[PDB]
Amino acid sequence: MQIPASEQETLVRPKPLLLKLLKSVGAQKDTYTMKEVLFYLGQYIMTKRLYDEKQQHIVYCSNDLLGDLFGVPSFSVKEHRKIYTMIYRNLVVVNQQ
Ligand SMILES: CC(C)(C)NC(=O)[C@@H](c1c(C(=O)O)[nH]c2cc(Cl)ccc12)N(C=O)Cc1cc(F)c(F)c(F)c1
């Protein structure tokens, strides 16, 4: 639940499945900052109503594309590093020159 600000601005290119997910919720770019990826994934979770209705800080992503991407049935929204790691496996970090 704490990512350095420098890492939040890291430029990334999502792989096809994550890209298609992001474009369904209003994102149109092919290159993002991690800050942008996290925002649009949070919007996707809201749109697909994947957050726990009982408000116990858990996303239920089983049998949804997000669960396919993350490789988990569910996860805690309080564990930012583990969420970043799951997202990192679905993108390429843009090389800096
Ligand atoms: C589940 C709902 C919809 C209620 N959203 C959240 O609670 C959630 C959130 C956001 C956001 O705000 O935009 N974007 C996400 C993407 C995913 Cl996969 C999961 C959770 C979130 N969150 C907010 O505090 C926690 C959070 C904020 C960050 F900044 C992070 F890096 C992080 F790992 C976790």
# chains A, B, ... in the order shown; residues from 1 in each chain; ligands from 1

$ residues_near_ligand --ligand "ligand 1" --cutoff "8 Å" --atoms "only C-alpha atoms and all ligand atoms" --output "list in words"
residues 1, 2, 3, 35, 37, 38, 39, 40, 41, 42, 43, 44, 45, 46, 50, 51, 57, 58, 59, 76, 77, 78, 79, 80, 81, 82, 83, 84 and 87 of chain A

$ residues_around --residues "residue 96 in chain A" --least-positions-apart "4" --cutoff "12 Å" --atoms "only C-alpha atoms" --output "CSV table (one decimal) with N, CA, C and O atoms, in the first residue's frame"
chain,number,residue,atom,x,y,z
A,10,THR,N,6.2,5.4,-14.4
A,10,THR,CA,6.9,4.5,-15.3
A,10,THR,C,6.0,4.3,-16.6
A,10,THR,O,4.8,4.1,-16.5
A,11,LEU,N,6.6,4.5,-17.7
A,11,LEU,CA,5.9,4.3,-19.0
A,11,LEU,C,5.8,2.8,-19.4
A,11,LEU,O,6.9,2.1,-19.3
A,12,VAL,N,4.6,2.4,-19.7
A,12,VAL,CA,4.4,0.9,-20.0
A,12,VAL,C,3.5,0.8,-21.2
A,12,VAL,O,2.7,1.6,-21.5

$ residues_around --residues "residue 68 in chain A" --least-positions-apart "6" --cutoff "10 Å" --atoms "only C-alpha atoms" --output "compact mmCIF listing (two decimals) with C-alpha atoms, in the first residue's frame"
# COMPACT_ATOMS: atom_id res chain seq x y z
CA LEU A 17 -5.32 -8.85 -23.29
CA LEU A 18 -4.70 -6.06 -20.77
CA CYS A 61 -12.06 -11.60 -10.27
CA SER A 62 -12.62 -15.34 -10.79

$ residues_around --residues "residue 69 in chain A" --least-positions-apart "2" --cutoff "9 Å" --atoms "only C-alpha atoms" --output "ChimeraX atom specification"
/A:17-18,64-67,71-72,86-87,89-90

$ atom_distance --atom1 "CA of residue 91 in chain A" --atom2 "CA of residue 52 in chain A"
26.3 Å

$ atom_distance --atom1 "CA of residue 9 in chain A" --atom2 "CA of residue 31 in chain A"
11.6 Å

$ residues_around --residues "residue 29 in chain A" --least-positions-apart "6" --cutoff "10 Å" --atoms "only C-alpha atoms" --output "list in words"
residues 13, 14, 19, 22 and 23 of chain A

$ atom_distance --atom1 "CA of residue 49 in chain A" --atom2 "CA of residue 30 in chain A"
24.7 Å
